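Undergrad: Dropping in structure13.cif, which is mmCIF, C-alpha atoms; chains and numbers go by the auth columns:
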```cif
data_run
#
loop_
_atom_site.group_PDB
_atom_site.id
_atom_site.type_symbol
_atom_site.label_atom_id
_atom_site.label_comp_id
_atom_site.label_asym_id
_atom_site.label_seq_id
_atom_site.Cartn_x
_atom_site.Cartn_y
_atom_site.Cartn_z
_atom_site.B_iso_or_equiv
_atom_site.auth_seq_id
_atom_site.auth_asym_id
ATOM 1 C CA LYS A 1 8.366 22.073 -46.055 0.00 1 A
ATOM 2 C CA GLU A 2 4.792 21.304 -44.996 0.00 2 A
ATOM 3 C CA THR A 3 4.799 19.058 -41.897 0.00 3 A
ATOM 4 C CA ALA A 4 3.124 15.673 -41.937 0.00 4 A
ATOM 5 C CA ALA A 5 0.611 16.912 -39.382 0.00 5 A
ATOM 6 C CA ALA A 6 -0.263 19.928 -41.534 0.00 6 A
ATOM 7 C CA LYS A 7 -0.584 17.779 -44.621 0.00 7 A
ATOM 8 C CA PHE A 8 -3.031 15.523 -42.775 0.00 8 A
ATOM 9 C CA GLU A 9 -5.186 18.548 -41.930 0.00 9 A
ATOM 10 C CA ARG A 10 -5.058 19.756 -45.540 0.00 10 A
ATOM 11 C CA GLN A 11 -5.843 16.377 -47.040 0.00 11 A
ATOM 12 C CA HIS A 12 -8.371 15.053 -44.546 0.00 12 A
ATOM 13 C CA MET A 13 -10.022 17.640 -42.312 0.00 13 A
ATOM 14 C CA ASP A 14 -13.187 19.603 -43.061 0.00 14 A
ATOM 15 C CA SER A 15 -14.499 20.944 -39.765 0.00 15 A
ATOM 16 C CA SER A 16 -16.425 23.648 -41.661 0.00 16 A
ATOM 17 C CA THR A 17 -19.226 21.356 -42.833 0.00 17 A
ATOM 18 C CA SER A 18 -21.106 18.580 -41.050 0.00 18 A
ATOM 19 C CA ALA A 19 -21.489 16.391 -44.131 0.00 19 A
ATOM 20 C CA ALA A 20 -21.135 16.611 -47.895 0.00 20 A
ATOM 21 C CA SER A 21 -24.168 18.524 -49.207 0.00 21 A
ATOM 22 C CA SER A 22 -24.017 17.787 -52.920 0.00 22 A
ATOM 23 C CA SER A 23 -22.542 15.390 -55.418 0.00 23 A
ATOM 24 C CA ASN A 24 -19.923 18.073 -56.331 0.00 24 A
ATOM 25 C CA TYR A 25 -18.341 18.168 -52.850 0.00 25 A
ATOM 26 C CA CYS A 26 -15.398 15.937 -53.732 0.00 26 A
ATOM 27 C CA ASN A 27 -14.686 17.657 -57.073 0.00 27 A
ATOM 28 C CA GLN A 28 -14.550 20.991 -55.283 0.00 28 A
ATOM 29 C CA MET A 29 -12.568 19.865 -52.250 0.00 29 A
ATOM 30 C CA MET A 30 -10.001 17.729 -54.023 0.00 30 A
ATOM 31 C CA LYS A 31 -9.193 20.708 -56.211 0.00 31 A
ATOM 32 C CA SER A 32 -9.265 23.398 -53.488 0.00 32 A
ATOM 33 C CA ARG A 33 -7.007 21.414 -51.120 0.00 33 A
ATOM 34 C CA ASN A 34 -4.482 20.991 -53.951 0.00 34 A
ATOM 35 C CA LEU A 35 -4.760 17.204 -54.076 0.00 35 A
ATOM 36 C CA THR A 36 -5.034 17.236 -57.876 0.00 36 A
ATOM 37 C CA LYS A 37 -2.093 19.576 -58.575 0.00 37 A
ATOM 38 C CA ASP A 38 0.344 16.974 -59.959 0.00 38 A
ATOM 39 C CA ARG A 39 -2.000 14.044 -60.683 0.00 39 A
ATOM 40 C CA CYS A 40 -5.531 12.878 -59.831 0.00 40 A
ATOM 41 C CA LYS A 41 -5.239 11.293 -56.409 0.00 41 A
ATOM 42 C CA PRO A 42 -7.538 8.261 -56.797 0.00 42 A
ATOM 43 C CA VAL A 43 -9.105 8.062 -53.336 0.00 43 A
ATOM 44 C CA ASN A 44 -9.339 10.384 -50.408 0.00 44 A
ATOM 45 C CA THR A 45 -11.405 10.742 -47.218 0.00 45 A
ATOM 46 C CA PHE A 46 -12.506 13.964 -45.507 0.00 46 A
ATOM 47 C CA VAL A 47 -13.493 13.996 -41.838 0.00 47 A
ATOM 48 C CA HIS A 48 -16.255 16.379 -40.662 0.00 48 A
ATOM 49 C CA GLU A 49 -15.295 16.684 -37.026 0.00 49 A
ATOM 50 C CA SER A 50 -13.301 19.090 -34.881 0.00 50 A
ATOM 51 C CA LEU A 51 -9.514 18.816 -35.242 0.00 51 A
ATOM 52 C CA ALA A 52 -9.341 18.144 -31.476 0.00 52 A
ATOM 53 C CA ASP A 53 -11.671 15.124 -31.682 0.00 53 A
ATOM 54 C CA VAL A 54 -9.595 13.667 -34.511 0.00 54 A
ATOM 55 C CA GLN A 55 -6.265 14.350 -32.714 0.00 55 A
ATOM 56 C CA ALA A 56 -7.708 12.576 -29.675 0.00 56 A
ATOM 57 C CA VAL A 57 -7.928 9.324 -31.669 0.00 57 A
ATOM 58 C CA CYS A 58 -4.115 8.958 -31.103 0.00 58 A
ATOM 59 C CA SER A 59 -4.994 8.132 -27.459 0.00 59 A
ATOM 60 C CA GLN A 60 -7.810 5.664 -28.261 0.00 60 A
ATOM 61 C CA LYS A 61 -7.681 2.014 -29.494 0.00 61 A
ATOM 62 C CA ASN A 62 -4.234 0.929 -30.741 0.00 62 A
ATOM 63 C CA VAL A 63 -4.526 -1.331 -33.776 0.00 63 A
ATOM 64 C CA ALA A 64 -2.324 -2.496 -36.615 0.00 64 A
ATOM 65 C CA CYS A 65 -2.389 -0.405 -39.756 0.00 65 A
ATOM 66 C CA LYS A 66 -3.281 -2.084 -43.077 0.00 66 A
ATOM 67 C CA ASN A 67 0.425 -2.362 -43.889 0.00 67 A
ATOM 68 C CA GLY A 68 1.281 -3.973 -40.537 0.00 68 A
ATOM 69 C CA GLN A 69 2.639 -0.922 -38.682 0.00 69 A
ATOM 70 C CA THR A 70 1.530 -0.638 -35.081 0.00 70 A
ATOM 71 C CA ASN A 71 1.219 3.128 -34.659 0.00 71 A
ATOM 72 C CA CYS A 72 -2.409 3.111 -35.837 0.00 72 A
ATOM 73 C CA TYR A 73 -5.433 3.985 -33.735 0.00 73 A
ATOM 74 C CA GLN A 74 -9.130 3.408 -34.198 0.00 74 A
ATOM 75 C CA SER A 75 -11.691 5.887 -32.970 0.00 75 A
ATOM 76 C CA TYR A 76 -14.081 4.689 -30.242 0.00 76 A
ATOM 77 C CA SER A 77 -16.929 6.650 -31.837 0.00 77 A
ATOM 78 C CA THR A 78 -18.174 6.837 -35.413 0.00 78 A
ATOM 79 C CA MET A 79 -17.445 10.061 -37.236 0.00 79 A
ATOM 80 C CA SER A 80 -18.950 11.901 -40.187 0.00 80 A
ATOM 81 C CA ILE A 81 -16.832 11.235 -43.262 0.00 81 A
ATOM 82 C CA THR A 82 -16.895 11.753 -46.953 0.00 82 A
ATOM 83 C CA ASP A 83 -15.259 9.269 -49.295 0.00 83 A
ATOM 84 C CA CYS A 84 -14.025 10.576 -52.633 0.00 84 A
ATOM 85 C CA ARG A 85 -13.266 8.085 -55.409 0.00 85 A
ATOM 86 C CA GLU A 86 -12.137 8.865 -58.943 0.00 86 A
ATOM 87 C CA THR A 87 -14.743 8.200 -61.649 0.00 87 A
ATOM 88 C CA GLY A 88 -14.370 6.725 -65.036 0.00 88 A
ATOM 89 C CA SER A 89 -14.516 10.133 -66.735 0.00 89 A
ATOM 90 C CA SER A 90 -11.693 11.534 -64.641 0.00 90 A
ATOM 91 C CA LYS A 91 -8.835 12.780 -66.770 0.00 91 A
ATOM 92 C CA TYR A 92 -6.022 15.014 -65.565 0.00 92 A
ATOM 93 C CA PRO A 93 -6.157 17.946 -65.127 0.00 93 A
ATOM 94 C CA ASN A 94 -9.939 17.596 -64.964 0.00 94 A
ATOM 95 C CA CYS A 95 -10.066 15.113 -62.135 0.00 95 A
ATOM 96 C CA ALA A 96 -13.522 13.842 -61.257 0.00 96 A
ATOM 97 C CA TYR A 97 -14.827 12.155 -58.148 0.00 97 A
ATOM 98 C CA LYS A 98 -17.831 10.341 -56.775 0.00 98 A
ATOM 99 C CA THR A 99 -18.927 11.641 -53.342 0.00 99 A
ATOM 100 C CA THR A 100 -20.131 9.168 -50.695 0.00 100 A
ATOM 101 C CA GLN A 101 -21.199 10.368 -47.256 0.00 101 A
ATOM 102 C CA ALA A 102 -20.936 7.928 -44.354 0.00 102 A
ATOM 103 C CA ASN A 103 -20.630 7.553 -40.575 0.00 103 A
ATOM 104 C CA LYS A 104 -17.742 5.240 -39.714 0.00 104 A
ATOM 105 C CA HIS A 105 -14.895 4.711 -37.259 0.00 105 A
ATOM 106 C CA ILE A 106 -11.627 6.040 -38.520 0.00 106 A
ATOM 107 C CA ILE A 107 -8.176 4.605 -38.284 0.00 107 A
ATOM 108 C CA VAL A 108 -5.197 6.948 -38.359 0.00 108 A
ATOM 109 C CA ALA A 109 -1.474 6.601 -37.904 0.00 109 A
ATOM 110 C CA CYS A 110 0.085 8.873 -35.285 0.00 110 A
ATOM 111 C CA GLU A 111 3.616 10.263 -34.920 0.00 111 A
ATOM 112 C CA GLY A 112 5.519 12.926 -33.072 0.00 112 A
ATOM 113 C CA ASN A 113 5.450 15.037 -29.974 0.00 113 A
ATOM 114 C CA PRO A 114 2.749 16.190 -29.669 0.00 114 A
ATOM 115 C CA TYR A 115 1.485 12.813 -30.838 0.00 115 A
ATOM 116 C CA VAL A 116 -0.847 13.596 -33.726 0.00 116 A
ATOM 117 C CA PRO A 117 -2.405 12.034 -36.833 0.00 117 A
ATOM 118 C CA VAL A 118 -0.199 11.995 -39.914 0.00 118 A
ATOM 119 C CA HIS A 119 -1.886 9.363 -42.163 0.00 119 A
ATOM 120 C CA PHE A 120 -5.458 8.247 -42.771 0.00 120 A
ATOM 121 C CA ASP A 121 -5.453 4.443 -42.907 0.00 121 A
ATOM 122 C CA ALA A 122 -9.048 3.340 -43.182 0.00 122 A
ATOM 123 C CA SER A 123 -12.672 3.727 -42.198 0.00 123 A
ATOM 124 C CA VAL A 124 -14.556 0.769 -40.735 0.00 124 A
#
```
Could you write out this structure as structure tokens?

TA:
Amino acid sequence: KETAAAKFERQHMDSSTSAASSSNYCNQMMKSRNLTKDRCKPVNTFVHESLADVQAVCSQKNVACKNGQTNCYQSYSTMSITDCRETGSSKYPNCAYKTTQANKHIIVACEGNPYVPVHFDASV
């Protein structure tokens, strides 16, 4: 099966663009990354940075995750992110999202060896 690390890349990484360029970014990306296959995932965040810079966050500031776990890490720097949130007209299989572009610190949970991001916790 797909590894947790691979799933994080699929769900959260977009190193191919620097920022969302149009209001349709989330509709396109949620569909193309197969996040709407079974149901409309209600919220998702894409990170517009190199995979290496995001993996490096697992060696930065240790913080508690929202759910209390202590394998979360906050990035020292802000990063380019896109927030995707389901709209009121969203109806499976035609899932619909609002695109919001922002520059925030990210918080990820890390696991494994190599120690890599496997869950996106929050942006602050």

Undergrad: Evaluate the PyMOL selection byres ((chain A and resi 20) around 10) and record the selected residues as a PDB file with C-alpha atoms, keeping the file's coordinate frame, following the chain and residue labels used in the document.

TA:
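Below is the file that was written, result-v2.pdb:
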```pdb
ATOM      1  CA  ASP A  14     -13.187  19.603 -43.061  1.00  0.00           C
ATOM      2  CA  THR A  17     -19.226  21.356 -42.833  1.00  0.00           C
ATOM      3  CA  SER A  18     -21.106  18.580 -41.050  1.00  0.00           C
ATOM      4  CA  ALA A  19     -21.489  16.391 -44.131  1.00  0.00           C
ATOM      5  CA  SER A  21     -24.168  18.524 -49.207  1.00  0.00           C
ATOM      6  CA  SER A  22     -24.017  17.787 -52.920  1.00  0.00           C
ATOM      7  CA  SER A  23     -22.542  15.390 -55.418  1.00  0.00           C
ATOM      8  CA  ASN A  24     -19.923  18.073 -56.331  1.00  0.00           C
ATOM      9  CA  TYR A  25     -18.341  18.168 -52.850  1.00  0.00           C
ATOM     10  CA  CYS A  26     -15.398  15.937 -53.732  1.00  0.00           C
ATOM     11  CA  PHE A  46     -12.506  13.964 -45.507  1.00  0.00           C
ATOM     12  CA  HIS A  48     -16.255  16.379 -40.662  1.00  0.00           C
ATOM     13  CA  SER A  80     -18.950  11.901 -40.187  1.00  0.00           C
ATOM     14  CA  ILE A  81     -16.832  11.235 -43.262  1.00  0.00           C
ATOM     15  CA  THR A  82     -16.895  11.753 -46.953  1.00  0.00           C
ATOM     16  CA  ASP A  83     -15.259   9.269 -49.295  1.00  0.00           C
ATOM     17  CA  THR A  99     -18.927  11.641 -53.342  1.00  0.00           C
ATOM     18  CA  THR A 100     -20.131   9.168 -50.695  1.00  0.00           C
ATOM     19  CA  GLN A 101     -21.199  10.368 -47.256  1.00  0.00           C
ATOM     20  CA  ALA A 102     -20.936   7.928 -44.354  1.00  0.00           C
TER      21      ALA A 102
END
```

Undergrad: Name the residues that the PyMOL selection byres ((chain A and resi 65) around 9) picks from the file above, as a PyMOL selection string, using the file's chain letters and numbers.

TA: chain A and resi 63-64+66-73+107-109+121-122

Undergrad: At a cut-off of 10 Å, using all atoms listed in the file, what residues contact residue 77 in chain A? Leave out same-chain residues fewer than 3 positions from it and give the result as a PDB file with C-alpha atoms, keeping the file's coordinate frame.

TA:
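See selection-v4.pdb below for the written result:
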```
ATOM      1  CA  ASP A  53     -11.671  15.124 -31.682  1.00  0.00           C
ATOM      2  CA  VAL A  57      -7.928   9.324 -31.669  1.00  0.00           C
ATOM      3  CA  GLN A  60      -7.810   5.664 -28.261  1.00  0.00           C
ATOM      4  CA  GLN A  74      -9.130   3.408 -34.198  1.00  0.00           C
ATOM      5  CA  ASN A 103     -20.630   7.553 -40.575  1.00  0.00           C
ATOM      6  CA  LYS A 104     -17.742   5.240 -39.714  1.00  0.00           C
ATOM      7  CA  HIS A 105     -14.895   4.711 -37.259  1.00  0.00           C
ATOM      8  CA  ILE A 106     -11.627   6.040 -38.520  1.00  0.00           C
TER       9      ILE A 106
END
```

Undergrad: Using all atoms listed in the file, which of the listed residues (A:113, A:123, A:5, A:36) sits closest to residue 78 in chain A?

TA: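 Smallest separation from residue 78 in chain A among the options: A:123.
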
Undergrad: Which residue gives the smallest distance to residue 49 in chain A among A:31, A:119, A:37, A:12, with all atoms listed in the file counted?

TA: A:12

Undergrad: Can range 35-52 of chain A be brought up to N, CA and C atoms and written out as a compact mmCIF listing (two decimals), in the coordinates of the input?

TA:
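File out.txt, as written:
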```
# COMPACT_ATOMS: atom_id res chain seq x y z
N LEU A 35 -5.04 18.63 -53.99
CA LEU A 35 -4.76 17.20 -54.08
C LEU A 35 -4.71 16.72 -55.51
N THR A 36 -5.06 17.58 -56.46
CA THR A 36 -5.03 17.24 -57.88
C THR A 36 -3.98 18.03 -58.66
N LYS A 37 -3.06 18.66 -57.95
CA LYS A 37 -2.09 19.58 -58.58
C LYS A 37 -1.20 18.84 -59.59
N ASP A 38 -0.64 17.72 -59.16
CA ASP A 38 0.34 16.97 -59.96
C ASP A 38 -0.27 15.79 -60.70
N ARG A 39 -1.32 15.23 -60.13
CA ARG A 39 -2.00 14.04 -60.68
C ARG A 39 -3.35 13.93 -59.99
N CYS A 40 -4.27 13.14 -60.53
CA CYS A 40 -5.53 12.88 -59.83
C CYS A 40 -5.29 11.85 -58.74
N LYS A 41 -5.30 12.27 -57.49
CA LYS A 41 -5.24 11.29 -56.41
C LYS A 41 -6.49 10.43 -56.49
N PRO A 42 -6.36 9.08 -56.46
CA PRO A 42 -7.54 8.26 -56.80
C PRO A 42 -8.62 8.14 -55.72
N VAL A 43 -8.21 8.22 -54.47
CA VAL A 43 -9.10 8.06 -53.34
C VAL A 43 -8.69 9.01 -52.26
N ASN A 44 -9.64 9.58 -51.56
CA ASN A 44 -9.34 10.38 -50.41
C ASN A 44 -10.56 10.45 -49.48
N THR A 45 -10.33 10.63 -48.19
CA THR A 45 -11.40 10.74 -47.22
C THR A 45 -11.29 12.06 -46.47
N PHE A 46 -12.41 12.77 -46.33
CA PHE A 46 -12.51 13.96 -45.51
C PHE A 46 -13.31 13.66 -44.24
N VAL A 47 -12.86 14.21 -43.13
CA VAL A 47 -13.49 14.00 -41.84
C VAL A 47 -14.15 15.30 -41.38
N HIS A 48 -15.44 15.23 -41.08
CA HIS A 48 -16.26 16.38 -40.66
C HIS A 48 -16.44 16.45 -39.16
N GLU A 49 -15.32 16.62 -38.46
CA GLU A 49 -15.30 16.68 -37.03
C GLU A 49 -14.34 17.78 -36.63
N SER A 50 -14.34 18.17 -35.35
CA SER A 50 -13.30 19.09 -34.88
C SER A 50 -11.91 18.46 -34.96
N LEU A 51 -10.90 19.29 -35.20
CA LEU A 51 -9.51 18.82 -35.24
C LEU A 51 -9.18 18.16 -33.90
N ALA A 52 -9.62 18.74 -32.78
CA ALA A 52 -9.34 18.14 -31.48
C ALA A 52 -9.87 16.72 -31.33
```
